[PDB]
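Order-wise, the sequence lines are chains A and B. For reference, each letter of the first sequence is one residue, going 2 to 23, 32 to 257 in the authors' numbering. For reference, each letter of the second sequence is one residue, going 2 to 19, 36 to 257 in the authors' numbering. Backbone N, C-alpha and C define an ideal beta-carbon position, used for all residues, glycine too.
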Amino acid sequence: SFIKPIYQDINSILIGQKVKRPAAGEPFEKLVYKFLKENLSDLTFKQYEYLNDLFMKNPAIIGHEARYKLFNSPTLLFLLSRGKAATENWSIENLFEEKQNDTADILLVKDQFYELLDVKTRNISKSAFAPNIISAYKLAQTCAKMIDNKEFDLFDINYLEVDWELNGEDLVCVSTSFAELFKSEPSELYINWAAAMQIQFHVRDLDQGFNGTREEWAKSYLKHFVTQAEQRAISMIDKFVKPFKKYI
Amino acid sequence: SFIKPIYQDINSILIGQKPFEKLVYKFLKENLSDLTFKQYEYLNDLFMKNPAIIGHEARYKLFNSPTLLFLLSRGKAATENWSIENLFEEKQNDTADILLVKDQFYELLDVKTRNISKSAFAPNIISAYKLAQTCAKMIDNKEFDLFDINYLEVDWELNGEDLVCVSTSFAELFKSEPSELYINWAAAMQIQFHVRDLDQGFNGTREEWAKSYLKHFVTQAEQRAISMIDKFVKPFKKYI
DNA sequence: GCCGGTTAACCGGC
DNA sequence: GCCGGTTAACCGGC
């Protein structure tokens, strides 16, 4: 993680910091971005801003196929790149904006290594509700592609969690948390199928005691994923079928 | 439906105006004034007219309807903690966007929006599960003629700085062929369609609709289960 | 504590 | 034309 060495720096900056009251705390992410662009400026990219960048760097490379070759990475191409029609229709006069379904919130790159940082926010006033982290399915392909292409030391997926509460007309940061996905026990990940199949947890609750290699983590997760999938399917007959079979 | 017989009306005062939530509530308020509520406004109302009772079990009986209880009501806690000084604020999880009631009959109007600019993506309408429980609750309690769930797609496009409505549709869920409904499990188990595409060729009774939908649901459930294996299992076995 | 269902929509594959 | 994943997080049952 490029952000860890100065996490403490951030915690101090964000704790206390306030924002406008109209996710709910989307402002806080901006602050986090703003901050990063000030201390790790030559590393910081909103996801789309990296695509725009890479395509300006080679204007004689047009069409999707050619543009896709510019990633040097099947895994990354899969996590970061936009559609084939979207990549086709890219131009200086037609840059990428934000995309709702996009993988990361913020991207930290340095010497071909990539940290993909999601910035999650939380209303601590209300009852804890573990948010969607990432698609269990998307993560699955990610792991598969990692294995197939030998890409084991190219990129990390990390999260920052900004805790806030309602205080008058503005909203304030009470605390934060930081964790790294590939440093958690894969088989302890909670997959909520019904919830668009998303792994779920609060960052402060994520464990960081994985011991093996990156490649072990992927196999281990794929193992857990496949296993949760086998079990989810049977559990479906009982929840959504059985209880209703009488009425028909 | 109380909306249909003035849909034409509505349609007129919407095309041309200027992700983005378009009122519609305002209008419904003016015309059929007494019969419209922004949902929670109804709850507050329902409770404000009965200050005589507190506690959640006592207040859940103010629905006099197992089935209505299920869709409109808030959890035991928030109910209990309801006072004329601590009313309900907007909650995202609320079923209806707008609620019209009359003669002890309820129309649950939902207001969808669409950007004709971007390519068509059937929006989540209602949860397949939530709908199955409803049908289940209708039957058990023979509540077949009490409520409708209808919709009102509002289409629009951007123009320099402002978004303009370019048309509106309207459909009735309980007039659609149940077996035609798309249940996209991955999308939180939601029914997916655009209103202007919802078929309306159903003619059977209400009890028949529900019975049918439970058959549809169950079928698509077994179907979804099996297909998890070939999508989420087979493809990764090779890695472990 | 433990657990999992909802809202709003929104892209892109072949 | 046809088909289905994704993002933001969110409440309340027992």
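So what does DSSP say about residue i, is it helix, strand or coil?
{"i": "B/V235", "result": "helix"}
{"i": "B/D247", "result": "helix"}
{"i": "B/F87", "result": "helix"}
{"i": "A/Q9", "result": "helix"}
{"i": "A/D179", "result": "strand"}
{"i": "A/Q207", "result": "strand"}
{"i": "B/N220", "result": "coil"}
{"i": "A/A242", "result": "helix"}
{"i": "B/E38", "result": "coil"}
{"i": "B/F44", "result": "helix"}
{"i": "B/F3", "result": "coil"}
{"i": "A/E194", "result": "coil"}
{"i": "A/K255", "result": "coil"}
{"i": "B/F54", "result": "strand"}
{"i": "B/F187", "result": "coil"}
{"i": "A/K228", "result": "helix"}
So that I know if they touch, is there some Cβ in chain B lying closer than 8 Å to that of residue i?
{"i": "A/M245", "result": "yes"}
{"i": "A/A33", "result": "no"}
{"i": "A/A113", "result": "no"}
{"i": "A/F3", "result": "no"}
{"i": "A/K254", "result": "yes"}
{"i": "A/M206", "result": "yes"}
{"i": "A/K228", "result": "yes"}
{"i": "residue 1 of chain A", "result": "Residue coverage of chain A in this structure runs from 2 to 257, which leaves residue 1 of chain A outside it and unanswerable."}
{"i": "A/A139", "result": "no"}
{"i": "A/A153", "result": "yes"}
{"i": "A/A203", "result": "yes"}
Residue i CB to nearest chain A CB: under 8 Å?
{"i": "B/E239", "result": "yes"}
{"i": "B/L231", "result": "yes"}
{"i": "B/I257", "result": "yes"}
{"i": "B/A75", "result": "no"}
{"i": "B/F161", "result": "no"}
{"i": "B/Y146", "result": "yes"}
{"i": "B/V250", "result": "yes"}
{"i": "B/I156", "result": "yes"}
{"i": "B/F80", "result": "no"}
{"i": "B/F234", "result": "yes"}
{"i": "B/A149", "result": "yes"}
For residue i and residue j, I'd like the C-alpha separation in whole angstroms.
{"i": "B/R223", "j": "B/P140", "result": "25 Å"}
{"i": "B/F138", "j": "A/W99", "result": "22 Å"}
{"i": "B/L117", "j": "A/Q207", "result": "35 Å"}
{"i": "A/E74", "j": "B/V250", "result": "30 Å"}
{"i": "A/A242", "j": "A/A205", "result": "15 Å"}
{"i": "B/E47", "j": "B/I11", "result": "12 Å"}
{"i": "A/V212", "j": "A/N167", "result": "10 Å"}
{"i": "A/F191", "j": "A/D165", "result": "7 Å"}
{"i": "B/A69", "j": "B/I101", "result": "12 Å"}
{"i": "A/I4", "j": "A/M245", "result": "41 Å"}
{"i": "A/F87", "j": "B/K39", "result": "36 Å"}
{"i": "B/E124", "j": "B/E107", "result": "19 Å"}
{"i": "A/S50", "j": "B/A203", "result": "38 Å"}
{"i": "B/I143", "j": "A/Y59", "result": "37 Å"}
{"i": "A/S186", "j": "A/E170", "result": "5 Å"}
{"i": "B/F44", "j": "B/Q237", "result": "39 Å"}
{"i": "A/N201", "j": "B/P6", "result": "43 Å"}
{"i": "B/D216", "j": "A/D216", "result": "49 Å"}
{"i": "B/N220", "j": "B/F234", "result": "19 Å"}
{"i": "A/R76", "j": "A/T96", "result": "7 Å"}
{"i": "A/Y256", "j": "A/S196", "result": "38 Å"}
{"i": "A/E225", "j": "A/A188", "result": "19 Å"}
{"i": "A/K66", "j": "A/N81", "result": "14 Å"}
{"i": "B/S2", "j": "B/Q121", "result": "13 Å"}
Does the distance from the C-beta atom of residue i to that of residue j stay below 8 Å?
{"i": "B/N176", "j": "B/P83", "result": "no"}
{"i": "A/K21", "j": "A/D179", "result": "yes"}
{"i": "B/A145", "j": "B/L231", "result": "no"}
{"i": "B/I16", "j": "B/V183", "result": "yes"}
{"i": "A/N110", "j": "A/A33", "result": "no"}
{"i": "A/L63", "j": "A/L79", "result": "yes"}
{"i": "B/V181", "j": "B/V128", "result": "no"}
{"i": "B/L89", "j": "B/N61", "result": "no"}
{"i": "A/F253", "j": "B/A149", "result": "yes"}
{"i": "B/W173", "j": "B/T130", "result": "yes"}
- Query: What runs of the beta strand (DSSP E), each 3 residues or longer, lie entirely inside the region 132 to 175 of chain B?
  - Reply: List check, beta strand (DSSP E) in window: 141 to 144, 164 to 168.
- Message: At 4 residues or longer, what runs of the alpha helix (DSSP H) sit wholly inside the region 66 to 134 of chain A?
- Response: 73 to 78, 83 to 89, 93 to 97, all fully within the region 66 to 134 of chain A.
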